[PDB]
Amino acid sequence: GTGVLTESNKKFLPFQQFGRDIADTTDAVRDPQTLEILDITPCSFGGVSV
Amino acid sequence: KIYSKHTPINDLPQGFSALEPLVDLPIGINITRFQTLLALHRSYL
Ligand SMILES: *[C@@H]1O[C@H](CO)[C@@H](O)[C@H](O)[C@H]1NC(C)=O
C-alpha cells in the first residue's frame with residue numbers, strides 16, 4: 001500500500017492485527033517483527049484548478 | 001477456534017460480555033461429537 005505510517009492511540013487487542021474504517025479498508029497494521037501499531041493514512045491529494 | 005471470556009457476576013445473567021478470540025488451531029480433522037472433562041479427587045479414606 002501507499003500511505004503515511006504514524007503512531008496510533010487505538011487500543012488494539014492482542015489478537016487484532018489489521019484496522020479498518022467504515023469502508024472495510026486497511027487503516028492500521030501491526031508488524032510481526034516489532035509488535036507496534038502503525039496507523040495508515042492515505043497521502044495528501046486534491047484537485048488542481050487553474 | 002476457541003473464544004473465551006471471564007465475567008464477574010453477582011439462570012444466565014443479563015447484559016453483554018463479548019468473548020474474545022483465544023486461539024485458532026490448524027487442526028484439519030472431522031469433529032462431530034464432544035464431551036466435557038471433569039476432575040475428581042481421590043478420597044484416601
Ligand atoms: C522476530 O519476530 C517475532 C515475531 O514475529 C518477534 O516476537 C521478535 O521479537 C522478532 N525479533 C526481534 C529481534 O525483534
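Right above here is the structure, for reference.
As a starting point, this report considers the structure included with it.

### Overview of the sheet that holds strand β3 (residues 26-30) of chain A
Right, so step 1: Read from one edge of the open sheet, 4 strands run β1-β4-β3-β2 (chain A), paired in antiparallel fashion. In this open sheet, the two edge strands, each paired with only one partner strand, are β1 (4-7) and β2 (19-20) of chain A.

### A closer look at unusual backbone geometry
Right, so step 1: Backbone geometry at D24(A) places phi at a positive 55 degrees, although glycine is not the residue there.
Right, so step 2: Within the secondary structure, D24(A) sits in the loop between β2 and β3.
Right, so step 3: A positive phi angle is found at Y44(B), which is not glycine, with a value near 65 degrees.
Right, so step 4: Note on placement: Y44(B) falls in the segment after β2 (20-23).

### Let's talk about the pattern of salt bridges
Right, so step 1: Overall, the coordinates contain 1 salt bridge over all chains when judged by the stated rule.
Right, so step 2: With a shortest N-O distance of 2.5 Å, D24(B) and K1(B) are connected by a salt bridge.

### Focus on the side chain of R30(A)
Residues and elements named next belong to chain A.
Right, so step 1: If you trace the backbone, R30 turns up in strand β3.
Right, so step 2: Of the side chains bearing the opposite charge, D31 lies closest to the buried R30, which forms no salt bridge; the N-O distance is 9.6 Å.
Right, so step 3: If sequence neighbours within four positions are ignored, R30 has contacts with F12, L13, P14, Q16, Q17, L35, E36 and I37.

Calculation rules
Residues numbered from 1 in each chain as written, not as in the entry; some residues may be left out. Chains lettered and ligands numbered in written order. Part of a larger assembly, values for the part shown. Heavy atoms only, no water. Pairing = 2+ DSSP bridges. Helix = DSSP H or I, 4+ residues; strand = E, 2+ residues; numbered from the N terminus. Salt bridge = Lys/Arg side-chain N within 4 Å of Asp/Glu carboxyl O. Buried < 20%, exposed > 50% of the residue type's maximum accessible area, 1.4 Å probe, protein only. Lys, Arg positive; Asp, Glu negative; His and termini not counted. Contact = heavy atoms within 4.5 Å.

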